[PDB]
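Here is the structure we will look at.
Naming convention: chains lettered A, B, ... in sequence-line order (proteins, then strands); numbering from 1 in each chain. Quick note: numbers below take in every heavy atom, side chains included, and nothing from hydrogens, waters or symmetry partners. Order of listing sets the numbers, starting from 1, for every ligand and every atom in it.
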2 protein chains.
Amino acid sequence: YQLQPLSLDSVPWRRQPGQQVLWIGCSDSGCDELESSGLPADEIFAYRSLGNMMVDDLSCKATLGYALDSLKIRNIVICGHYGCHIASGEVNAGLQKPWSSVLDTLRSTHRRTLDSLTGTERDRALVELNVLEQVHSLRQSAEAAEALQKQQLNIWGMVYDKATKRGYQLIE
Amino acid sequence: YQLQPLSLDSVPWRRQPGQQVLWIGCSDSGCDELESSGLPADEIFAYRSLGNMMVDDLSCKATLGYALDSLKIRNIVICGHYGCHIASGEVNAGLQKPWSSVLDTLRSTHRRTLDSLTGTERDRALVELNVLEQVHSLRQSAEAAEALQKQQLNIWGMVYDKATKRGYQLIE
Ligand SMILES: [Zn+2]
Ligand SMILES: [Zn+2]
């Protein structure tokens, strides 16, 4: 995959004004990330969760369903953020399954990549890898797969950098 | 309950700086509400969900658990917002259980209060009643109940008014 800086006036999830976007962000990020969204507040329907993840739970299924069925949303953005405390390091005792399982799988699946980086760069790669895995897994849901096959849904990944105050799209 | 305007310089969930607060807000609200929180961004750990509800699922349990166990959070705020589409009299077909069941139960449990009220007033009451019920329910979570018994947790309710850019605490 590659990282492309967003231009706020041409974002892939706002090819036209006045539509709502489901924005999946992290609980230890904050409102600064939406300043990099290219979206006005009235176009943001935000689900803010542990590690900007969607897992196999009632909350994630009902939120996606409301967005697709009630709001007729055609764009989802999964926004990770550098410096995340959840998508970081090797372990966190207070983080339950399946959130902890998803991170453990990224750490094992990408052990070669992660081992070639040190500390801070390693956490940054985990944030990017989590965004890519969340986007891929959300496309593989029965409800998203049907919508994608009709060309009525796009799912996008980006990472917000609080140091540059910029978002970066994951192209891959 | 009664409604009390917030004083930004003396909020119940910030009797001291530099602690994190778990902020439970609604997906169809937005970042404007945190301008009325009395909290700087660095002190906000935000779960943003359908109807600012916590339902009995893995996401509620894990989010609360992480906040109590990993972040050692001593304050929770449930923030409703006037104009909410979810906590309203409009019953949308695409809202799943148990969110739809919580609202059904509010409408029946508070039928006396609600039945004397026209649309706009009824919807503002339903926003306030949802916040109160969410605060009451969350104190009966086993993890919250243990912390309250040690005087190591407070759960607070408020409602944000986008029109006036003001918050109101629910005083029980
Ligand atoms: Zn995070
Ligand atoms: Zn709402």
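Disulfide criterion (SG-SG under 2.5 Å) for A:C31 and B:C31: met.
Residue pairs meeting the ring-ring contact (aromatic ring centres under 6.0 Å, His included) criterion with at least one partner in residues 51-75 of chain B, sequence neighbours excluded, are B:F45-B:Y66. Applying the salt bridge (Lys or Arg N to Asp or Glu O under 4.0 Å) rule to pairs touching residues 14-31 of chain B yields B:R14-B:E43, sequence neighbours excluded. For residues 81-113 of chain A, no residue pair satisfies the ring-ring contact (aromatic ring centres under 6.0 Å, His included) rule, not counting sequence neighbours.
Around the Zn ion (ligand 1), protein N, O or S atoms at a distance under 2.8 Å total 4; waters are neither shown nor counted.
In this model, a donor atom of one side chain and an acceptor atom of the other lie less than 3.5 Å apart for B:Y1 and B:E128. Judged purely by distance below 3.5 Å, without hydrogens or angles, the side chains of A:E33 and A:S29 pair a donor atom with an acceptor atom.
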